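Have a look at the structure below before the remarks.
Computation of the quantities below employed the complete heavy-atom set of this structure, encompassing side-chain atoms and omitting hydrogens, waters and symmetry-equivalent molecules. Note that the numbering runs from 1 along the sequence shown for the chain.
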Amino acid sequence: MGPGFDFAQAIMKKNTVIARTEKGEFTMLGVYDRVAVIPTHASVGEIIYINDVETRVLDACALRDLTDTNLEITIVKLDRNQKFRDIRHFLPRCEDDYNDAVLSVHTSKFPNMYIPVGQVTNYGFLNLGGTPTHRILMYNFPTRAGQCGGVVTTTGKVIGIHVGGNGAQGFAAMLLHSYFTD
């Protein structure tokens, strides 16, 4: 409808795939080459389905910060015959707060979904399903089941992926440029 949705659509149309594990279907953001991200609670194994194709997982790494605390991001390298558009230059370098964000989701259940979630707070510490977690972003939108892996954007920046909510508020793990230095 406007410039927020335009930037979000540009990311969804070229840099997402539908990932399916034993724990369900997730929006998965492709970042560069064959490297993508997914919430750690997706429990990625040796095999994953990508747009319903059986795919070997070449590597998977559940990130923690230097305090040894969960970040709820898993970086996955996919045995795929095709590279993602490199979007590392849209990633923020530091932890920050943001105005006017969009959460975008694409699964079987919720195709072509775009939610204007508004202002984003650097929340920091969250007990997320009983796991201490750092680098959490918070938005005052009642997000639901099926939205995990959703991409959080502003005009010009890809800032996080949706990892849960409490019924009133939604929560995303930060994406930083330093996670994807090759």
- request: Would you sort out whether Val163 and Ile136 count as a side-chain contact (heavy atoms from CB on, under 4.5 Å), showing the intermediate values?
  value: CA-CA 9 Å; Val163 295; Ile136 293 292; 4.2 Å; yes

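- For the residue pair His106/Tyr114, the side-chain donor-acceptor check at 3.5 Å is not satisfied.
- Among all heavy-atom pairs drawn from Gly167 and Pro142, the shortest one is O-CB, 3.2 Å.
- Shown here for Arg85 and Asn15, the closest heavy-atom pair between the two residues is O-ND2, 2.8 Å.
- Proximity of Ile161 to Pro39: side-chain heavy atoms (C-beta onward) are separated by under 4.5 Å at one or more points.
- Put simply, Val117 and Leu137 are part of the same group of oily side chains (I, L, V, M, F, W, Y) that touch within less than 4.5 Å, one to the next.
- If you chain together hydrophobic residues whose side chains sit under 4.5 Å apart, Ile159 and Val105 fall into the same group.
- A donor and an acceptor atom, one from each side chain of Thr21 and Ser43, are nowhere located under 3.5 Å apart.
- Between the CG atom in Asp33 and the CZ atom in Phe84 there is a gap of 10.0 Å [rounded to 0.5 Å].
- Nearest heavy-atom pair across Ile38 and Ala42 is CD1-CB, 3.6 Å.
- By the criterion of side-chain heavy atoms lying less than 4.5 angstrom apart, applied directly or through intervening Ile, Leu, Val, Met, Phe, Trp or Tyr residues, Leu175 is grouped together with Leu71 in one hydrophobic cluster.
- Judged by distance alone, the side chains of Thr133 and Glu72 never bring a donor and an acceptor atom under 3.5 Å apart.
- Considering every non-hydrogen atom in both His162 and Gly170, the closest pair reads CE1-CA, 4.0 Å.
- Under the 4.5 Å side-chain contact rule for hydrophobic residues, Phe26 and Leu29 do not share a cluster.
- Using a 4.5 Å cut-off on side-chain heavy atoms (C-beta onward), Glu54 and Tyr49 make contact.
- Note that OG1 of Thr55 is 9.5 Å distant from CD1 of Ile47, once rounded to the nearest 0.5 Å.
- Here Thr74 contributes atom OG1 and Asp59 contributes atom CG; the two are 10.5 Å apart, rounded to the nearest 0.5 Å.
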- request: Please lay out, stage by stage, how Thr16 and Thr27 fare under the test side chain to side chain donor-acceptor pair (under 3.5 Å).
  value: CA-CA 7 Å; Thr16 61; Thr27 303; over 6 Å; no

What pairs of donor and acceptor atoms, side-chain ones from residues 143-158 against any protein atom, are under 3.5 angstrom apart with sequence neighbours left out?
{"residue": "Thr154", "atom": "OG1", "partner": "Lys157", "partner atom": "NZ", "Å": "3.4"}

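- Note that CD1 of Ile11 and OG of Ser104 are 8.5 Å apart. Values are rounded to the nearest 0.5 Å.
- Side-chain contact between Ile50 and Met28: present, with at least one pair of heavy atoms (C-beta onward) separated by less than 4.5 Å.
- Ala60 and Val57 make their closest contact through CB-CG1, 4.1 Å (heavy atoms, listed as atom of the first residue, atom of the second, distance).
- Under the 4.5 Å side-chain contact rule for hydrophobic residues, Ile48 and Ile18 do not share a cluster.
- Relative to the ring axis of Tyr32, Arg88 places its NZ or CZ within 45° and under 6.0 Å from the centre.
- Atoms CZ and CG, from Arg20 and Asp52 in turn, are 7.0 Å apart once rounded to the nearest 0.5 Å.
- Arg56 has a carboxylate O that lies under 4.0 Å from a charged side-chain N of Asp79, or vice versa, which qualifies the two as a salt bridge.
- Heavy-atom neighbours of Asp100 CG from other residues, nucleotides or ligands within 6.0 Å: at or below the threshold of 12.
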For residues 89-98, tabulate all N or O donor-acceptor pairs below 3.5 Å that involve a side-chain atom, not counting sequence neighbours.
{"residue": "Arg93", "atom": "NH2", "partner": "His177", "partner atom": "NE2", "Å": "3.4"}
{"residue": "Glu95", "atom": "OE2", "partner": "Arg135", "partner atom": "NE", "Å": "3.0"}
{"residue": "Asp97", "atom": "OD1", "partner": "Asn122", "partner atom": "N", "Å": "2.8"}

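- Remark: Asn70 CG to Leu63 CG distance equals 9.0 Å, nearest 0.5 Å.
- Residue-environment remark: CZ (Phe180) exceeds the threshold of 12 foreign heavy atoms within 6.0 Å.
- Here the closest non-hydrogen pair linking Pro116 and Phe141 is O-CD1, 4.3 Å.
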